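Undergrad: need a 3D model of the following:
(3 chains, ligands or ions: 4)
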Amino acid sequence: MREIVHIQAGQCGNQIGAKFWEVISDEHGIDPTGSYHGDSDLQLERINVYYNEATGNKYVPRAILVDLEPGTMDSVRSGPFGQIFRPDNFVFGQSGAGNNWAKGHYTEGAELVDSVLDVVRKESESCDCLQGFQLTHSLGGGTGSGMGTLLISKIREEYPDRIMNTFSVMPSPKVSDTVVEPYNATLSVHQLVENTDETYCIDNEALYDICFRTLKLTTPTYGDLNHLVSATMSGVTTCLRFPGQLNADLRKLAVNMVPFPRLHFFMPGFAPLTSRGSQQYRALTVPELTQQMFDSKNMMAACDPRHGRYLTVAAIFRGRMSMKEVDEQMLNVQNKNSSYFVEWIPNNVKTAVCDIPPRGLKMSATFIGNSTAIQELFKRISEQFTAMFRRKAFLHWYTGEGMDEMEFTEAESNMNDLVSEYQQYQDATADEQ
Amino acid sequence: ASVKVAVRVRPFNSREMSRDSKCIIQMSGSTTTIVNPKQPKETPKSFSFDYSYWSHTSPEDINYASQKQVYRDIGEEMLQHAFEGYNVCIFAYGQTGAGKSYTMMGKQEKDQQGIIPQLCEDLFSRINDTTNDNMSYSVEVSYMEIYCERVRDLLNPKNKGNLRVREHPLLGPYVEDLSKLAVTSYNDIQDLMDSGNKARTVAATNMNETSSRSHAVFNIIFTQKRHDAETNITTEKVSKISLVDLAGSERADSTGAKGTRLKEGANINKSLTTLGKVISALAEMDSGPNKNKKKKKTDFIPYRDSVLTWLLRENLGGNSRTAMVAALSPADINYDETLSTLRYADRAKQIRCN
Amino acid sequence: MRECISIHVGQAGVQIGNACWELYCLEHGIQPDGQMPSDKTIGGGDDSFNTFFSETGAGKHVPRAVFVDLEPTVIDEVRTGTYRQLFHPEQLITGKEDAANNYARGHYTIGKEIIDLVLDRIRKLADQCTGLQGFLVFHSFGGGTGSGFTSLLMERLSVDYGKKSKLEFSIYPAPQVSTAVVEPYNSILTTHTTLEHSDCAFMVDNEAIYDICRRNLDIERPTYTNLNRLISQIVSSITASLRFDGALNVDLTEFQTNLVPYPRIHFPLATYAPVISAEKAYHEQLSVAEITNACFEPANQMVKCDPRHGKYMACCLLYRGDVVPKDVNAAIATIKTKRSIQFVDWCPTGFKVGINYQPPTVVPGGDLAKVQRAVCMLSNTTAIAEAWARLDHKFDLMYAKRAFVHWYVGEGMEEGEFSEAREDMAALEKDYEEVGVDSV
Ligand SMILES: CC(=O)O[C@H]1C(=O)[C@@]2(C)[C@H]([C@H](OC(=O)c3ccccc3)[C@]3(O)C[C@H](OC(=O)[C@H](O)[C@@H](NC(=O)c4ccccc4)c4ccccc4)C(C)=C1C3(C)C)[C@]1(OC(C)=O)CO[C@@H]1C[C@@H]2O
Ligand SMILES: Nc1nc2c(ncn2[C@@H]2O[C@H](COP(=O)(O)OP(=O)(O)OP(=O)(O)O)[C@@H](O)[C@H]2O)c(=O)[nH]1
Ligand SMILES: Nc1nc2c(ncn2[C@@H]2O[C@H](COP(=O)(O)OP(=O)(O)O)[C@@H](O)[C@H]2O)c(=O)[nH]1
Ligand SMILES: [Mg+2]
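TA: Residues are numbered from 1 along each chain as shown, chains lettered A, B, ... in the order given. Ligands and ions are numbered 1, 2, ... in the order given. You can find the structure just below:
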């Protein structure tokens, strides 16, 4: 039994995790009270992947909620699915990080890390065969970055062989709500590239553009972005919970998408997306899904694939469909857009097909890209970093917590090195003399 | 950045001579060829290396690679490089009983010694000879072990905790709270090496009860100090000479134990693969500009894929000389281990034979 | 008497086994639950043919097979599907993770501690037997479970059952269609065990079967079920000589004697001629000559290779249904006069023939038309090297930079094994080239 432990630290991660549990409970037919009222027996075939059984037939999510402030915890508990969680797993403090990485990692998180790791150990011991971990956290700078990387470091030390997964919202240039984003982003990504095994980049600007252009919404809110991220998260772990003609377990992906250990930053996407106004005019089929899948506007990281080349791609289909159609469509995408794909790799489109589509769709698809452009997402942050590190703009708050200056330089150098390896393989040729 | 690879053959030991033990490795100038013992008559597989050394039989006047000849070939030139001011790295690789200690350390009688005693003795002698009233030399040493991608101290008798690794912006990678003791003569170095080799982590496996489980580094830092009279000493050049003991590559069938043994074997295999990749790309880079000239911008060496290649960043490239020694077991019983050793030795710019 | 053990490893082998056992139960009259009304109604005969089933006292029929896997998701479908009551509950499933498309994980990190149970179950099955003839291992290249566990299991069974034949049926990577990024590594690692231990390893390709489905069956969007049914028909045609009466029967030892000139060239292609839809079943005669000619058409081959770019060195035609030796001899005489079909100078006999009286059985809800006659052609030919050669090219482009190797070395493997496998495949290709050169 492949079962996963879920953690959620910070405000953004907690909100996304709440919507994720909403979506998962809807998929598996779990009421907010924790009881089953679904339709098909297949929902109970692999309920233990995310849930744990409780004596009165009930089901408790295998979730651990973390935050330094109590507001997000109260908001989640005072919510639609607030009562589904285990109260003993609500570990939190009473002093916020104040958008301070040093405060989250070194001073305030050091006191709580023992409690969160004790709860994580209790949850992990009960599992028959643990597969991996999940952790939702934004790189804004508060509880998320600091205590998330602390948790990843501790768990990687404790469980060196179980697959680690994270879902993160990168900073954006046009959408920003705090003044110290680049520092926290660089400091967090140092530990992420050191420790994690898969990280799925998410950008608020891309989600807003998807909302305005593809979904044609008028006044999007955070709920829609959490909905999209939840769709991606559910799509990634579809083959552990339902059967299909071709299974794509998390470790299969870990082998397939990652050529070298450090290039494990991925670009997510979902299809179909119709805007509730052009639903009648669209023909939902595998060729059309593939057309929407490899479109620049449909990716959530705010990067242009046309400004790079793909190292790897994974298309997790869900529904009843022919394998010839999928294979031919992936081959056509390879041949028609050959200039945007790496040459050394003979085939770089992993394929997965599941038998149980979403609740209200005949078929759906999840996209997991790995391309060079992603450099442009990191590169901009580095520029901003220099623009505030040339003068030590706000470092005196971090140094107060006991962080030396050199750590910033180390993290910046690691950023630059990671950018250099994505370009290493991105000019399209490599020969002549 | 030039890489020179050497492979050496050892004599039989007491156990091998006690049993019915043949010789299976043949060497001609620079080409080494193996022949299967349990399936003859197929085709002795052949490889080419930068140096092939025959110390098997005895001082056989005809083509017998003495220890001093290997020293003059590798260690003396790289010691000249170290004295010039640039960095140096030396690797030792091979399975248990393959005879890598016979080359690195050698016999204790100091008549047919290893690379390390000759290198240290010549270093101290040249330091003594040129020590005039102005030029001042300093030598310091340290010893660390890389175990499951964690650095541990071998000289300090504290509890075996994991030290931290940092990147100084100018001095490059380094290790925090690493013990560093000064030396004056080879006797202190020998005592430190004995204590460190006693302190290292080993475990019993299905091939040897005291098989290595971790990589090791003996770093020696050499500092020059000019003493012109004007107003300054001008530290001038700081040259590092590093010695690396590499654990043997492992297959799960040989080490079938579950738990810590499998994890250790996997980490050793990953680290060795990354090290070979880095050395191969380094050799290609050295060959190109030397002959080709295409500054090829800088391409990119994956220097951050492991801790062993990360700590030795300043010695493995930029401007320095690298070398490696692979010991071969001549017995047929260890044919697979020897074949794996040659297969690893094929790295660092494989060349053409026949 | 005449008994074979059918082992299925991985998702591909398990699903082909589902199709195979569906077809066998349909052929023999055994209902899914495993009961057989024919014996109790008649009280005579031997409809419980021992080649695939064992009969208990109560009248049930347990198939002779073990369905090994590492993901519960596939075997649990069988354990709760239509045929839940057919099999022994000893399905040999591993309560752990998958091979993750890693040969090492299948071989010697996760495969261990479960191979003992698989071998013990095979020991019990063979001890129940009295006239065991061979094994039928179903797997597929390109997968960690397939390659690794088939290699380990074949090694153990060769050490334990070295005197018994071991047939293999496998799916090879297509020239362009592929559903994973590490298929060449897995196939190359499978080379060094499929060659030495298996006595005759059969090959199929998905792209060729898709083309067959499109051109003949007129299915524009086929899925894996049709491919599995075609493979099941091929295996049934191969094995029919051991069960039903026939004028010219062929045993497995006869197959190995006729199709294998030298030990290292036991890798023939297989094909089925009358793969025709019901709509086009009319407007045609489907005589012996027509099906025999259709067998040698390049379009009808199930591996993407050109027969015209080589020379046949062995051919074995297994006919089923209303056939007589006169028509077969006439068809072979017709084929021998064609210039395109070129035969080696050292095989003057050329063709082997067998005939059986049992026609093909139509699976309900399938796509193959009812036909009075059918033929399965096995062909040892030199063209297959091309299907190998392209794959090596893929491997080369993936090994000049050590991409994805660290996942394999992190599970107990060295980078020299890749070179060992590459040289073994090169030796196989050179031997195949050597065989076809005309003598003087
Ligand atoms: C015409 C019809 O059938 O109604 C659809 C619908 O109109 C559309 C527009 C839906 C609709 O989605 C949105 O409008 C939307 C807006 C912002 C962010 C996300 C979604 C729908 O809301 C979403 C909803 O989707 C689901 O039920 C999926 O299962 C989805 N979400 C949930 O199950 C869910 C559960 C609890 C609470 C909220 C949502 C899902 C997708 C992947 C993995 C798991 C779940 C459906 C059927 C519709 C509506 C209701 C209008 C779409 O749904 C998705 C995300 O697949 C958006 O584009 C698709 C295409 C559909 O045609
Ligand atoms: N003909 C046919 N081929 C299949 C089928 N299912 C999977 N395949 C092929 O099998 C290949 C994967 O190799 P497998 O050995 O089957 O993978 P697996 O059985 O799931 O084993 P793991 O990789 O360990 O999960 C894919 O490239 C598919 O093309 C099937 O049902 N029919
Ligand atoms: N998608 C999403 N992003 C959010 C939400 N709230 C805040 N953010 C992003 O997160 C960043 C702030 O990080 P935050 O979560 O507040 O840090 P925390 O104090 O650890 O919780 C901002 O730059 C926002 O872009 C939300 O509800 N949804
Ligand atoms: Mg599988």
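Undergrad: quick one, strands of chain C?
TA: C:3-9, C:53-55, C:61-63, C:65-68, C:132-138, C:165-172, C:200-205, C:269-272, C:312-321, C:351-356, C:373-381 (DSSP state E).
Undergrad: now those as a markdown table including mean neighbour count and distance to ligand 2?
TA: Using the backbone N, CA and C atoms, a C-beta is placed for each residue, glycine as well. As requested, these are exported to a markdown table (neighbours: other Cβ atoms under 10 Å in any protein chain shown; distance: least, Cβ to the nearest ligand atom, whole Å):
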| stretch | mean neighbour count | distance to ligand 2 |
| --- | --- | --- |
| strand C:3-9 | 25 | 8 |
| strand C:53-55 | 18 | 24 |
| strand C:61-63 | 20 | 19 |
| strand C:65-68 | 25 | 11 |
| strand C:132-138 | 22 | 10 |
| strand C:165-172 | 23 | 5 |
| strand C:200-205 | 21 | 7 |
| strand C:269-272 | 23 | 14 |
| strand C:312-321 | 24 | 22 |
| strand C:351-356 | 21 | 26 |
| strand C:373-381 | 23 | 18 |
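Undergrad: out of those, which gets nearest to ligand 3?
TA: strand C:165-172 (43.5 Å; Cβ to the nearest ligand atom).
Undergrad: tell me how the chain divides into domains.
TA: All of this refers to chain A. A:2-259, A:260-373, A:374-431 (CATH domains of a matching chain).
Undergrad: chain C is the one I meant
TA: According to CATH domains of a matching chain, the ranges for chain C are C:1-268, C:269-383, C:384-440.
Undergrad: torsion angles phi and psi at the residue in the stretch 251-354 of chain B that ligand 4 sits nearest to?
TA: In the stretch 251-354 of chain B, the residue that lies nearest ligand 4 is residue B:252 (20.7 Å; Cβ to the ion). Residue B:252 adopts backbone torsions of phi -60, psi -30, taken as degrees, to the nearest 10.
Undergrad: now the helices for the stretch 201-350 of chain A?
TA: Taking DSSP state H, counting those that start in this stretch, the helices of the stretch 201-350 of chain A run over residues A:204-209, A:222-236, A:250-257, A:286-293, A:323-336.
Undergrad: ok, and for the third one, which residues are buried?
TA: By that I understand helix A:250-257. Residues A:250, A:251, A:252, A:253, A:254, A:255, A:256, A:257 are the ones in helix A:250-257 that count as buried (16 or more other Cβ atoms under 10 Å in any protein chain shown).
Undergrad: closest to chain C out of those residues?
TA: residue A:251 (3.7 Å; Cβ to the nearest Cβ).
Undergrad: grab the nearest non-local neighbour of that closest one.
TA: Closest residue to residue A:251 apart from its sequence neighbours, by Cβ to Cβ, 6 or more residues apart in numbering or on different chains: residue C:100 at 3.7 Å.
Undergrad: residues touching that neighbour, list them.
TA: Residues in contact with residue C:100 (Cβ atoms under 8 Å, 6 or more residues apart in numbering or on different chains) are A:249, A:251, A:252, A:254, A:255, C:144, C:407.
Undergrad: who's in contact with the fifth one?
TA: What that stands for is residue A:255. Counting by Cβ under 8 Å, 6+ apart, residue A:255 has contacts C:100, C:101, C:102, C:182, C:404, C:407.
Undergrad: farthest pair within those?
TA: Taking Cβ to Cβ, the two most distant members of the contacts of residue A:255 are C:100 and C:404; they sit 11.4 Å apart.
Undergrad: tell me the contacts of the closest residue to residue C:335 other than its chain neighbours?
TA: Nearest residue to residue C:335 in three dimensions, chain neighbours excluded: residue C:341, at 5.9 Å (Cβ to Cβ, 6+ apart). Contacts for residue C:341 (Cβ under 8 Å, 6+ apart) come out as C:296, C:307, C:312, C:335.
Undergrad: smallest gap between chain C and ligand 1, at which residue?
TA: residue C:73 (19.0 Å).
Undergrad: separation between the closest residue to that residue other than its chain neighbours and residue A:319?
TA: Nearest non-adjacent residue to residue C:73, counting by Cβ to Cβ, 6+ apart: residue A:243, 5.2 Å away. Distance, residue A:243 to residue A:319, using Cβ to Cβ, to the nearest Å: 13 Å.
Undergrad: likewise residue C:385?
TA: Residue C:385 is 40 Å from residue A:319, by Cβ to Cβ.
Undergrad: chain neighbours aside, what residue packs nearest to residue 59?
TA: Using chain A here. Sequence neighbours aside, residue A:51 is the residue nearest to residue A:59 in space, at 4.3 Å (criterion: Cβ to Cβ, 6+ apart).
Undergrad: my bad, chain B
TA: In space, residue B:59 is closest to residue B:66, 7.2 Å off (Cβ to Cβ, 6+ apart).
Undergrad: quick check, residue B:264 in a strand?
TA: No. According to DSSP: H, G, I helix; E, B strand; the rest coil, residue B:264 belongs to no strand; its state is helix.
Undergrad: how deep is it tucked in, by neighbour count?
TA: 23 (other Cβ atoms under 10 Å in any protein chain shown).
Undergrad: and for residue A:404?
TA: Residue A:404 has 11 neighbouring residues, counting by other Cβ under 10 Å.
Undergrad: closest point of chain A to ligand 4, which residue?
TA: residue A:247 (5.1 Å).
Undergrad: you'd agree that residue is up against residue C:10?
TA: No. Taking contacts as Cβ atoms under 8 Å, residue A:247 lies outside contact range of residue C:10: 10.5 Å.
Undergrad: between these two, tell me which one has more neighbours.
TA: With neighbours defined as other Cβ under 10 Å, residue A:247 and residue C:10 compare such that residue C:10 has more, 29 against 19.
Undergrad: wait, that one touches residue C:140, no?
TA: Yes. Applying Cβ under 8 Å, one finds residue C:10 in contact with residue C:140, separated by 6.1 Å.
Undergrad: which helix or strand contains residue B:166?
TA: strand B:165-168 (DSSP states H and E).
Undergrad: hmm, the helix or strand that that strand is followed by in reach of chain A?
TA: Remark: after strand B:165-168, the chain's next helix or strand is strand B:172-175, criterion DSSP H and E. No. Strand B:172-175 does not reach chain A (Cβ under 8 Å from any Cβ of the partner chain); its nearest approach is 10.0 Å.
Undergrad: element containing residue B:144?
TA: Counting by DSSP H and E, residue B:144 is part of strand B:136-147.
Undergrad: list the helices and strands that strand packs on?
TA: helix B:115-129, strand B:150-153, strand B:181-182, helix B:186-199, strand B:215-225, helix B:307-311 (3 or more Cβ pairs under 8 Å, 6 or more residues apart in numbering or on different chains; DSSP states H and E).
Undergrad: what's next to the longest one, contact-wise?
TA: It stands for helix B:115-129. B:67-68, B:70-71, B:74-76, B:79, B:83, B:90, B:103-106, B:110, B:137, B:139, B:184-186, B:189, B:222, B:241, B:243, B:325.
Undergrad: coming back round to it: tell me which of the domains of chain C is the most buried.
TA: Most buried of these, by mean neighbour count (mean count of other Cβ atoms under 10 Å in any protein chain shown): domain C:1-268, with a mean of 20.
Undergrad: got a list of what residue 240 touches?
TA: By default, I'm working from chain A. Contacts of residue A:240 (Cβ under 8 Å, 6+ apart): A:2, A:4, A:46, A:49, A:131, A:249, A:250.
Undergrad: chain C was what I was after
TA: So residue C:240 contacts C:246, C:318, C:320, C:356, C:358 (Cβ under 8 Å, 6+ apart).
Undergrad: and the gap between residue A:430 and ligand 3?
TA: 39 Å (Cβ to the nearest ligand atom, to the nearest Å).
Undergrad: what is the burial count for the residue of chain A found nearest ligand 1?
TA: Relative to ligand 1, the nearest point of chain A is residue A:360 (2.4 Å; Cβ to the nearest ligand atom). For residue A:360, the count of nearby residues is 6 (other Cβ under 10 Å).
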